[PDB]
Amino acid sequence: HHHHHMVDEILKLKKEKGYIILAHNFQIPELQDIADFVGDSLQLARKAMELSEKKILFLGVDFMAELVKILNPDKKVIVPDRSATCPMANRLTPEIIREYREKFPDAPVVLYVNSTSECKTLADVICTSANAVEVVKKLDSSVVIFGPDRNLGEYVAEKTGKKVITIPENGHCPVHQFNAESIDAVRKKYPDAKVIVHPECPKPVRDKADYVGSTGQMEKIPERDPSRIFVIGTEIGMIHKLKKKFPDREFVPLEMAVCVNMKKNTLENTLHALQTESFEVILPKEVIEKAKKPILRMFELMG
Ligand SMILES: O=C(O)c1cccnc1C(=O)O
Ligand code: SF4
Ligand SMILES: [Cl-]
Ligand SMILES: [Cl-]
């Protein structure tokens, strides 16, 4: 295989230098295939809680690399491309959060994991798409401040009956902005297929789906649903993951949807990363000390 030179050298260096390689589900198939662990934000966060290796190569976007570092402040965490980020997250700021606490006095601030680590220092609790409902239901408030994703916030409201105030204005993931007509069309084409979409999708999309959940949840659906065909409303990287796990089923994208940031990592710069042992994720001590609290609290409010 023509990538064997990079694949072989990555595997050698990883072992030689004592790295574990963690990848997100939206990484290119070639990177998923060389990772030690591949999963969603929640699964990655969980894995980061119990991590033994001294050195971590993280393949995803910066806010999750920073979460991994916050949970392992004394381990070396590296990323191939330091610019790999979530633009959604970058629109929420400390000032907006402070504005909204002042405005809504006793509302806890629940932040999605794609949020800056500085914003995490100001959060009461962190969540991901699979635990947001449970976490919000455990809080002793019928109103919460939630960001930066409006769709997940609005989903949480529907599921909890709580009032959810979303910040910032129109915070959303461009990648999950599917149109509901794509479901109408795929119903005609494959009348027996099951449609699975992410909670970051717009309401009309979620409402027409058979299932709504995190990518981690999506991966488990075929364990209990015998459907030959699944239609997947999330980033294209998930198709590879699903088809690997369930070679016996068909996985059809709802639409082609690519996160440019998730695609910044390549075989070539991942190799470079292991050769140079760069770029290290470095955070101020203060930020680690403060942001760890809403992160640990997320796991406390699941189990
Ligand atoms: O794994 C996730 O939480 C996830 C789900 C949908 C979109 N983006 C992400 C991400 O981490 O960027
Ligand atoms: S898929 Fe969406 S939410 Fe996830 S990193 Fe990309 S822009 Fe951010
Ligand atoms: Cl978990
Ligand atoms: Cl997810």
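Our numbering is plain: 1 for the first residue shown, then up by one each step along the chain.
Including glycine, each Cβ sits where the backbone N, Cα and C put it.
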Site co-member for iminosuccinate according to Swiss-Prot, given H24, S41, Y112, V113, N114, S129, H198, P199, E200, out of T121, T215: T215
Collapsed DSSP category at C86 ([4Fe-4S] cluster binding site): coil
Candidates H24, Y112, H198, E200, namely the binding-site residues, that fall within 10 Å of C173 ([4Fe-4S] cluster binding site) by Cα distance: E200
Spatial neighbours of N114 (iminosuccinate binding site) that are distant in sequence (at least 6 apart) but have CB under 8 A: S41, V61, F63, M64, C86, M88, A89, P148, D149
Cβ under 6 Å from ligand 1: qualifying binding-site residues of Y112, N114, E200, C259: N114, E200
Distance [Cα-Cα, Å, rounded] between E200 (iminosuccinate binding site) and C259 ([4Fe-4S] cluster binding site): 13
Collapsed DSSP category at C173 ([4Fe-4S] cluster binding site): coil
